[PDB]
Amino acid sequence: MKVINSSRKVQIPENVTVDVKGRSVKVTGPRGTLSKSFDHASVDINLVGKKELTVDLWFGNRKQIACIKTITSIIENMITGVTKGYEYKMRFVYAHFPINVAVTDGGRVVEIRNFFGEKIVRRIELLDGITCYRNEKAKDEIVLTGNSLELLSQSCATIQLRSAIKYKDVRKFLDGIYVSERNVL
Amino acid sequence: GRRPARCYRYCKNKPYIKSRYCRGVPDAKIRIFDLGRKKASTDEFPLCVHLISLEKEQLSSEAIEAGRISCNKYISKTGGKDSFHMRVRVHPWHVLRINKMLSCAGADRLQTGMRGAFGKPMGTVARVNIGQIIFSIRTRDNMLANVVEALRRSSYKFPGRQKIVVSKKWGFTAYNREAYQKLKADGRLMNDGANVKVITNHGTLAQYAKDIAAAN
Amino acid sequence: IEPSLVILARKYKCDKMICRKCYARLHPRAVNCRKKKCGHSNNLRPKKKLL
Amino acid sequence: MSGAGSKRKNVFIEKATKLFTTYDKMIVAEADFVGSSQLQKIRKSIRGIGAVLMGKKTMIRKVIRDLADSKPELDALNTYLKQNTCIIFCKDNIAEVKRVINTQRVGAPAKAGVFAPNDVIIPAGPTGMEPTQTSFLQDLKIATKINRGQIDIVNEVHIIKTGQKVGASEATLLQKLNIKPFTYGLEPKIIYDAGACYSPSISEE
RNA sequence: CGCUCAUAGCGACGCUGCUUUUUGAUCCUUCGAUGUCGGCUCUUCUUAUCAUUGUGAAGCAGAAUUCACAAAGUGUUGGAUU
RNA sequence: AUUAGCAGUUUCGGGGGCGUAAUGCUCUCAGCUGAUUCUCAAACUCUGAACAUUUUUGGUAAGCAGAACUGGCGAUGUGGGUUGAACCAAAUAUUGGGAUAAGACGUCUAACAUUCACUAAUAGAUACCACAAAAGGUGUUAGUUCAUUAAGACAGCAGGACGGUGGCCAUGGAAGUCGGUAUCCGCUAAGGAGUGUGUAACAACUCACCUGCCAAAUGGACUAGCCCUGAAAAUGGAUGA
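Line order of the protein sequences matches chains B, F, H and C. Each residue of the first sequence is one higher than the last, beginning at 1 in the entry's author numbering. Each residue of the second sequence is one higher than the last, beginning at 2 in the entry's author numbering. Each residue of the third sequence is one higher than the last, beginning at 1 in the entry's author numbering. Each residue of the fourth sequence is one higher than the last, beginning at 1 in the entry's author numbering.
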């Protein structure tokens, strides 16, 4: 069975304006522009005047019905990133070796030396909307911040993945840089 | 050890019993058959939970005994013995044969290779048909969850597909549950121990009142 | 060493639920191996702890 | 359908529609954080004078009682759409019930997601802070200012009421500190009468 | 069994398969002839992986070891007896 | 060939209890007898039909050995099954026209359109025939049955989760939470003498069950279509491409 019609509705706040042209949604907010294509769907993305945006699908079954909530929530992510963009908090846990962290803002990169006493320097660039800075207030914590969730959480996941103990017992050591908080404002 | 039971799985031979002519056949691996309380009166256990075979084959005696132990052990752990009474509704009468040949590296010299090929008896086997009950359990109605899991536990010792039905009869009888209840409440039932005997209309030609004063 | 950091670090690489065919980490509320080698099998145990 | 399953409502409705027409003056309460430790020490005082009776939104089965009684479930104040209630019924002490029912309260720290009563004060100041527990409060979004020699933000005025959830990071600031500013418990909303409202005013005393 | 704990690792009692690197079974080709053991030599293929690379599990604290996956790209010895 | 009890004898052969002791009363317990009960056989029968497919013996099996009926190959091509001694169609003088048979109809390759589902795997695609199983899947499609809900459902987020009592027992210590046994009460909408984590045992967190926001369908145990795991072999590779 494929249902005749299955829509959703996305509510545009008044300071945000979407510019959609054939499954190519482009929000514009006060703090920054954001865009994503949804050309991998048989979907008519379509806005109702100024306040609404209605993802629709005619005769979808499943693997297609399941995608309209996905591409509704991704447009909602693009909207929330351009009103009050996401800010992730990442904390250092170590057993004995204090993890040092460098940050410049050329490509806004992070450099992680003295991780487990390794002398390799873990220089890692951030995805191209993202900056980061150390927390002077709370000890041993770097807060990430950005405009898109798929860039910010992926940058955080690359910091977290590249901060592992290899060739050992991962249940004991637990030295790394993990995502603690996932706030918005 | 024993040859793989994929040889003796399907019944392609004429049936071949221990008799005057099949002399020295070894015994069956299933020694005891009926397990549980089994001094239980048939009013006690109303639930007939079966295990029928979906394909016809030769369920080996070595397989019936392993399934028997697997069914006994799980209910004895679950609710203790005497909470059930199962028989086993299949007996290993067909005996298998093996034209045994040597595992020697120079085996051309010794064994009559396919000369006088008629094998010597190994084991026994039970020739189940499709829809033939092999494990019938009689138990209380508070064990419909557990004895089906024990018959599922015994379905993996048996070759292929077994189906656990919950029978619509009073348990090891011929009459249905409301029909046994009619035959008890109307007074046409008796107490032969673990089975009934119905006061029929057949000795009612002069008298039948020897059955009336001892009715269930 | 703060206990909350140990709880956070066990949240990410210790509190898993490893499939039995697929020795493969899943989230702690899983019921099925997400991979083809398992057969999407619904047979899985927690990751064992330390003392 | 209805009237089935475990802990049946057809054996509760014998209390939820029958003894709800034998009473004079009642207290619409608040059971949003009230214990069973604090409840067993108030359900022995009411037990001699009345009862502690509520079906909890089964009470729209009271619509058949409103033929001649004209009892409101939605026409009075606090229209019963956003909260939990356990209304207090009395036969002997319909009058001096408001004094033992507002004595046995205990002050305690709140948690995350609690229903946030009308008197909540955030632990702040020099006595409401340690120099070691600053780094937890230094984790949050709000930047701090130096007032009376302490890394702290001051908020002693009421900002939250019933119907707004408390943030998750604010719970440990009440739990770890010994600061328990308000003694909370049962909260009377409306003084209800058999078909009308006796007192349409609040009285926490 | 693994102190407790079926399934870290195993795993009886049973059952279901695969392989053609053992030996049988058979006699279809070949008896106007396919030179038949082993070794030396040399190349290529297989993966049912010993090591190496990346990973995941453990009764993986470190070290050592054990189970599995993607993996056949590259290795996989000198000798006494016969 | 053979399983299990119930009854009668039952005193008996043996054990004992019972009148103070015995072929004296009763119980498993043996044994004899009766009405039942499970499976039953090529060499059993009251009754009892109508190389290839089928019946069929030895063999674990065979493209093995041996039989019976029928049809073939041998003797025989032709059209099809890519290919081919036996399969399907159909039998051969030399040919023309037409319609066909098995088989097919994207291209090789002569021959098509319309229509409804299923498959999302590098799968699958002409019986013999060139393989695949047990056991699995919260892959999807169809279905069966049972239960829940406007007496407010599942799910999410939160509030409660109390006393007698730390139940009896047992012991350095065992208090809900190492174990043998019971499992009722007060107060309520709702409490296991506790589903767990931990501890000198507690404490503390936690689940059962109820309730708050919410707004409408929810949950389970199966069934069997396709598909996936099971599924590893040597030259390079075969739905014929």
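Cβ coordinates follow ideal geometry from the N, Cα and C atoms, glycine included.
Not flagged as an interface residue toward chain B: H/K35, since no C-beta distance is shorter than 8 Å. Comparing alpha carbon positions, the residue from C/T183, C/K145 and C/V114 closest to C/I160 is C/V114. In the structure shown, the three-state DSSP call for B/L53 is strand. For C/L77, the CB contacts under 8 Å within the same chain, skipping 5 residues up- and downstream, are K189, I190, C197 and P200 in chain order. Taken in chain order, the members of the stretch 5-20 of chain H whose beta-carbon sits within less than 9 Å of a beta-carbon on chain B are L5, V6, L8, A9, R10, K11, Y12, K13 and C14. Taking B/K36 as reference, the option from B/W58, B/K9, B/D56 and B/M78 with the minimal CA-CA separation is B/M78. In the DSSP assignment, C/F136 falls outside any beta strand (DSSP E) and within the unbroken alpha helix (DSSP H) covering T134 to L137. In the same chain as C/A168, and ignoring 5 residues on each side of it, the C-beta atoms closer than 6 Å to its own belong to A112, in chain order. Against B/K172, the close residues of chain H are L50, in the order they occur along the chain (beta-carbon pairs closer than 7 Å). Shown here, B/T158 sits in a helix according to DSSP, grouped into three states.
Residue burial is scored here from C-beta neighbours: C/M1 has fewer than 16 other C-beta atoms within 10 angstroms and is therefore classed as exposed.
Here F/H203 is exposed: its Cβ has fewer than 16 other Cβ atoms, across all protein chains shown, within 10 Å. With a beta-carbon spacing of about 5 Å, B/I68 and B/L57 fall inside the 8 Å limit used to define contacts. When DSSP states are grouped into helix, strand and coil, F/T201 belongs to the coil group. Ranked by how close their Cα comes to the Cα of F/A216, the residues F/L206, F/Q208, F/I200 and F/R21 have F/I200 in first place. Scanning its chain for C-beta atoms nearer than 6 Å, with the 5 sequence neighbours on each side dropped, one finds around C/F89 the residues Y23, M26, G50, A51 and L53, in chain order. Interface with chain B (8 Å Cβ-Cβ cutoff): C/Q164 is excluded.
Nearest in C-alpha terms to C/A143, of all of B/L185, B/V48 and B/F97, is B/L185.
Residues of the stretch 137-160 of chain C with a C-beta less than 7 Å from any C-beta of chain B: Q138, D139 and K141, listed in chain order.
If you check the CB distance, C/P117 and C/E187 come in under 8 Å. Beta-bridge analysis with DSSP links C/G107 to C/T183. Legend: CB atoms of the stretch 132-144 of chain B lying less than 9 Å from CB atoms of chain C belong to residues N135, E136, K137, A138, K139 and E141. Annotation for F/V129: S54, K57, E58, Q59, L60, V91 and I135 place their beta carbon closer than 8 Å to its own, counting only its chain and skipping 5 residues before and after.
At a cut-off of 8 Å between beta carbons, B/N147 makes no contact with chain C.
Secondary structure of C/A4 (DSSP, three-state): coil. Around B/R91, the beta-carbon contacts reaching into chain H at under 8 Å are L5 and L8.
The C-beta of C/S135 comes closer than 8 Å to at least one C-beta of chain B.
Look at the beta carbons and you see the stretch 7-17 of chain B touching the stretch 46-65 of chain B: at least three pairs across the two are nearer than 8 Å. Counting the other CB atoms within 10 Å of its CB gives F/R162 a total below 16, which places it among the exposed residues.
Cβ neighbours of B/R123 within its own chain (closer than 7 Å, five residues either side excluded): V109 and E111. Cβ-Cβ distances below 6 Å link F/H95 to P16, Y17, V126 and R128 in the same chain, with the five nearest sequence neighbours on each side left out; the list follows chain order.
Taking B/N61 as reference, the option from B/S42, B/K50, B/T72 and B/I71 with the minimal CA-CA separation is B/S42.
For F/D142, the secondary structure class from DSSP, reduced to helix, strand or coil, is helix. Those residues of the stretch 54-73 of chain B placed with their C-beta closer than 9 Å to a C-beta in chain C do not exist.
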